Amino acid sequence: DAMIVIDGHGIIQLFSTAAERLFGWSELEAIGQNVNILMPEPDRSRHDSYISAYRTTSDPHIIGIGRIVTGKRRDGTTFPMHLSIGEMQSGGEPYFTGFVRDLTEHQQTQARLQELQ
């Protein structure tokens, strides 16, 4: 699956090839942008508050738990995806790694089985 690394403020630092395939942004396009560009509203506007809340409280909601969420492609289409977040440290500052698993195929098979009785 796809891999993204962000700094303590949600800025994309590293964007894997698979992330380019999934989200539609090239590495140069994605790096330097806030990770919130990869999700729809309301999560998009709230994303910084999610990171800030974790830095303040150290209380995890997805970190070490995982969660299926809605992601957004550059073309504006949305998709279901599983998200796991790793916490790292480099040069005195926090960095977060995001592993993204596209569940579009799963969602469609399930809806199709439901739709066929």
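Numbers follow the displayed sequence, beginning with 1.
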**Asked** Thinking about Cα B factors across the chain, which third does residue 42 belong to?
**Response** middle
**Prompt:** Against its chain's modelled residues, does residue 66's Cα B factor rank lowest, middle or highest third?
**Reply:** middle
**Fill in**
So, residue 82's CA B-factor, relative to its chain, sits in which third? The lowest
**Message:** Could you place residue 4 in the lowest, middle or highest third of its chain by Cα temperature factor, using the values in the record?
**Reply:** middle
**Asked** What third of the chain, by the recorded C-alpha B-factor, contains residue 107?
**Response** highest
